[PDB]
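In structure tokens, the next block holds one chain alone, the form deposited in one PDB entry.
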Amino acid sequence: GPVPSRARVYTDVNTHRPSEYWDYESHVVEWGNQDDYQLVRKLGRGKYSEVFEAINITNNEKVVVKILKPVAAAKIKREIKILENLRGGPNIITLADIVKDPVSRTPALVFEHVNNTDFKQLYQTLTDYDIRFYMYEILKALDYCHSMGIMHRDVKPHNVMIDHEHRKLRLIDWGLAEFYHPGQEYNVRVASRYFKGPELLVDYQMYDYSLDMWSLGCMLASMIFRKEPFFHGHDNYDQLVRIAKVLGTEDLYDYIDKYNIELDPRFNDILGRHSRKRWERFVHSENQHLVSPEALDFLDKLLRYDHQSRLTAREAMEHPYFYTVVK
């Protein structure tokens, strides 16, 4: 069967924590008062929740209310525990309250407001400097949550809120986040299609924090090459083919061999044989100002099939690509 894997960093953070830290099912929710909030407008509705711009009538501050759909109400204690554990961390959204919705009784999470847009609205219009700057800010959030024993598992541009005017960023939507426990097999149906790492696509369950680093690499490729999304798969199988057309098939097969991964027989008739491509192939006159040897070297060290071979968030922060960012 599959060869086991463990994170190369922050491996045992949860083993040394009291059970209260990671045993979310044991957590007692000290519920707040639904009447303290006034809903202004619907910011959007996904398949798992509804988000609203709101006002806390007890202190007159603008908040954001996220009401969980009956389906996604099951692991509310997990999201609460993770949000409470990470509260005050750099670039992490701050959970202000947890209330029950009045008409549906489903839990509603209350967050501090973020004044400007979604990162997907901005990330295709940024300068080279701003790409570097905002990548570094995301890395601060990822290193913090990984250091706290938590994998985000849904890193994507829609989950990064950017206040471009104040040059501030928040990583949001911790609904898929999970505690890392070495040796645990996790559900591979996490992250959005275009940001899923190859470990999810080949059904390798013993993944770790490095999944978020693949997703961040997809975001970086999209930004520096002005190609959204960078890996445009039609479904989860074609997603792996899109990746293999760039990274090649030799390294994919070396990866499945290393971990004794059983490849779905449907991949034999669609993967084919592909050459490991040079990142300069995606460089054109309209994006050349966003590309540098440092950007390509950094991207190359994120987008690796082998999850153990990717840069960690702290190693990524050390990369020369960020030397030009004021710290």
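Residues that one form lacks are left out of the comparison. Residue indices: 1-based, along the sequence shown. For clarity, a rigid core is taken as the largest C-alpha set superposing within 1.5 Å between two forms.
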69 to 77 or 193 to 201, whichever carries the higher mean Cα B-factor: 69 to 77
Mean C-alpha B factor from the entry: is it higher for 82 to 90 or for 141 to 149? 82 to 90
Between 258, 276, 301, 289, which one tops the list for C-alpha B-factor in the PDB entry? 276
Relative C-alpha B-factor of residue 114, binned into the chain's lowest, middle or highest third: highest
Among the chain's modelled residues, which third holds the C-alpha B-factor of residue 19? highest
Hey, what third does residue 105 fall into on Cα B-factor, ranked over its chain? highest
How does the C-alpha B factor of residue 241 compare with the rest of the chain: lowest, middle or highest third? middle
When the deposited Cα B-factors of this chain's modelled residues are ordered and cut into thirds, is residue 121 in the lowest, the middle or the highest one? highest
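There is another form of the same protein, the form deposited in another entry; it is not shown, and what comes next is about it.
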Answer among 94, 187, 124, 127 for the CA shift between the shown form and the other one that reaches 2 Å or more, rigid core superposed: 124
Residue shift check between the shown form and the other one, rigid core fit, residue 256 Cα at least 2 Å: no
My question is whether residue 72 is one of the residues whose C-alpha shifts by 2 Å or more between the shown form and the other one, given a fit on the rigid core. yes
Indicate closer or farther: the Cα atoms of residue 90 and residue 119, in that other deposited form, relative to the displayed form, with a change of 3 Å or more. farther
Would one find the Cα atoms of residue 74 and residue 15 closer or farther in that other deposited form than in this form, where their distance changes by 3 Å or more? closer
Where the chain shifts between the shown form and the other one once the rigid core is fitted, runs of at least 3 with Cα moving 2 Å or more: 71 to 74, 116 to 121, 123 to 125
